[PDB]
Number of protein chains: 2
Amino acid sequence: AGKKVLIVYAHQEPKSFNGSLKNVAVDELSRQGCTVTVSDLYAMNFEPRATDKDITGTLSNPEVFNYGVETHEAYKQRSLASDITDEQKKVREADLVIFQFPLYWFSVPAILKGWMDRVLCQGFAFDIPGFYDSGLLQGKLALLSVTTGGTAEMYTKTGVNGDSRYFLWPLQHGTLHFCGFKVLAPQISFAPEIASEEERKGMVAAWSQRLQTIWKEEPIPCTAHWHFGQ
Amino acid sequence: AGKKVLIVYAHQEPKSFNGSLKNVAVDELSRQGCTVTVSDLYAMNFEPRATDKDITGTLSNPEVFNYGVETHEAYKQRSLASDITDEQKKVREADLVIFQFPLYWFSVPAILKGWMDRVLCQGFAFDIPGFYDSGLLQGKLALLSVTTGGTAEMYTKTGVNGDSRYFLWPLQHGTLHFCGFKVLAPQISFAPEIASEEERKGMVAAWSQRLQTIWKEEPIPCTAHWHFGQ
Ligand SMILES: Cc1cc2nc3c(=O)[nH]c(=O)nc-3n(C[C@H](O)[C@H](O)[C@H](O)COP(=O)(O)OP(=O)(O)OC[C@H]3O[C@@H](n4cnc5c(N)ncnc54)[C@H](O)[C@@H]3O)c2cc1C
Ligand SMILES: Cc1cc2nc3c(=O)[nH]c(=O)nc-3n(C[C@H](O)[C@H](O)[C@H](O)COP(=O)(O)OP(=O)(O)OC[C@H]3O[C@@H](n4cnc5c(N)ncnc54)[C@H](O)[C@@H]3O)c2cc1C
Ligand SMILES: COc1ccc(OC)c2c(C)cc(=O)[nH]c12
Ligand SMILES: COc1ccc(OC)c2c(C)cc(=O)[nH]c12
Ligand SMILES: COc1ccc(OC)c2c(C)cc(=O)[nH]c12
Ligand SMILES: [Zn+2]
Ligand SMILES: [Zn+2]
């Protein structure tokens, strides 16, 4: 309670394991008294491409299109497209942002990559100065809640896929830490599709339980050592 | 060379540094007598979202949609959307696939992540089993040609961003090696926007010059040790 949460959710099927993890997060955080908002990217048909449509009115340089410069200037001039500014409002108000998605190619599904690319623009999420520890979203918490096709064992250092931490680097460090977030420990639900009726219940309930004390948690130290060393 | 090359290119502006890099690759590979195809994903308005529009037949499970299961079936039955099969034909014929893109959030722009999520489907690019060294695209080469905002110094072990190889992992290992590609060493053009006019010219020529002898290169050992060290 006393806290706002945004859940950015990227799965096509409400009946999925991901849908159930999103729905228990809404149920538990709402029960606590928290303010909860969900960006259901597939239901929003969220646009993932970074294009000159993201700037309304006239371009800062209509001869040579530079997306990073154009969106930084549009942010400053309040001329970003309304899909982007609608998500920036949600993020500005939120104390915690939870991303709920299936792992696609050791990363986020493209529709959620497009949310990161287009919503987290210069002047909003980071700047010169203001990145990593001083990123502009500092004071906010972020959490990846990821489901995988691969088993926890495939995801060990000398397993086929390498350690989980290795694929988290670009998301936790290159994106969430960069913008100033304190990153809570990821929630990894390994291989739900090959698990029992039960077991899947256990993974959902562990997530609901964890959410009971989410505001007591300490952030991970979001460092190269955390992801790569021992 | 009697070889076919596919360049999958992700930049909005033909006059950009990335556009110069793509065009020098076409110029040099064409000069060598290679067969060259470019998939210019923004000009194509390439769809990045993985949705049930990607399958045109009867779904295997119309009550609970599972993108992986439905696209795997659809590939076997030939009922995937034609944009996906257009790209699969290009990849099937290619001996080398070059990806040319600006780094976005330590990864690929979302339009290109969509190309990976939708084009590299089960059945086509990998099977379970039939992945990493037994992936379905064995015998083919792939190369990432990436441009960055950050300087080379920023992308070292003790730099802010950590080593450049760390962010390559989900792309080289988790996607290309997974599909059975041999991965050539990445071409990383650091911080062109801050470079001098003539440093930019030097990076473009360094890539043209490397392309002269590309068919003589051996692939990297695409392992955890190469990416992260000891
Ligand atoms: C393009 C693509 C790329 C991929 N890349 C990777 C990758 O790099 N690495 C990797 O490891 N995997 C990868 N995968 C696999 C993907 O990560 C998994 O398929 C996904 O994470 C499984 O989550 P899901 O919600 O879609 O499972 P679901 O199939 O929706 O759920 C599993 C089962 O649980 C049921 N269920 C729903 N709610 C509940 C609940 N209340 N309690 C109990 N059961 C419930 C479902 O109906 C279903 O039978 C990829 C898949 C695709 C399509
Ligand atoms: C959403 C987003 C996320 C980003 N995330 C990251 C990230 O995680 N890490 C990171 O390091 N960076 C990041 N960046 C920055 C991005 O990677 C760089 O801006 C991009 O790599 C620079 O490439 P470009 O082709 O767009 O440069 P350009 O701005 O086109 O190139 C700079 C100059 O090169 C010139 N040029 C073009 N052709 C030639 C030629 N033949 N000879 C000489 N000069 C030429 C152009 O005219 C221009 O003046 C991000 C940017 C965005 C928009
Ligand atoms: C059934 O789907 C999957 C199951 C398990 C996987 O890794 C253990 C993958 C990977 C790595 C890529 C992918 O595209 N699909 C996968
Ligand atoms: C021009 O924009 C940028 C320049 C340099 C960068 O790193 C040195 C970044 C990073 C790391 C993330 C990002 O989103 N944008 C960047
Ligand atoms: C770590 O962040 C950064 C690294 C390197 C950069 O250029 C060399 C930038 C620029 C140009 C703008 C910016 O906002 N952030 C940057
Ligand atoms: Zn970090
Ligand atoms: Zn590898």
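The basis for the numbers below is simple: all heavy atoms, side chains too, and nothing from hydrogens, waters or symmetry mates. Chain naming here is simple, since letters A, B, ... match the order of the sequence lines and numbering starts at 1 in each. Just follow the structure's listing: the first ligand is 1, and inside any ligand the first atom is 1.
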Exercise. Could you give me the CA-CA distance, side-chain angles and deciding distance for B:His177 and B:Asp133, then say whether side-chain hydrogen bond (donor to acceptor under 3.5 Å, both in side chains) is met?
Key: CA-CA 7 Å; B:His177 186 177; B:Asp133 294 340; 2.8 Å; yes
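- Remark: A:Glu87 does not engage A:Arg118 in a salt bridge, criterion side-chain N to carboxylate O under 4.0 Å.
- Ion pairing of B:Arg31 with B:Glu28 is present here, as a side-chain N (NZ or NE/NH1/NH2) and a carboxylate O approach within less than 4.0 Å.
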Show me the side-chain donor-acceptor pairs of residues 159-166 of chain A shorter than 3.5 Å, one per line, residues at least two apart or across chains.
{"unit_1": "A:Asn161", "atom_1": "OD1", "unit_2": "B:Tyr132", "atom_2": "OH", "d": "2.9"}
{"unit_1": "A:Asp163", "atom_1": "OD1", "unit_2": "A:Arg165", "atom_2": "N", "d": "3.1"}
{"unit_1": "A:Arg165", "atom_1": "NH1", "unit_2": "A:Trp226", "atom_2": "O", "d": "3.2"}

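- Proximity of the aromatic rings of A:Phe131 and A:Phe126 is defined here by a centroid distance below 6.0 angstrom, and this criterion is not met.
- With contacts defined as side-chain heavy-atom distances shorter than 4.5 Å, the pair B:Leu21/B:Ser189 qualifies.
- A:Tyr9 and A:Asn18 make their closest contact through CE1-O, 3.7 Å (heavy atoms, listed as atom of the first residue, atom of the second, distance).
- Protein atoms of type N, O or S found under 2.8 Å from the Zn ion (ligand 6) total 4.
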Quiz item: Does the side-chain hydrogen bond (donor to acceptor under 3.5 Å, both in side chains) test come out yes or no for B:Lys113 and B:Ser107, once each step is laid out?
Solution: CA-CA 8 Å; B:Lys113 183 55 166 49; B:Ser107 182; over 6 Å; no
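- Remark: A:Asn66 engages A:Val69, B:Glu193 in a side chain to side chain contact (heavy atoms under 4.5 Å, CB included) (not counting sequence neighbours).
- Sorted by chain then number, the residues whose non-hydrogen atoms approach ligand 2 to under 4.0 Å are A:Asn66, A:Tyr67, A:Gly68, A:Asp117, B:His11, B:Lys15, B:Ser16, B:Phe17, B:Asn18, B:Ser20, B:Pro102, B:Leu103, B:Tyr104, B:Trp105, B:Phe106, B:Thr147, B:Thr148, B:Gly149, B:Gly150, B:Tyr155, B:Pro192, B:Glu193, B:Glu197, B:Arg200, B:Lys201.
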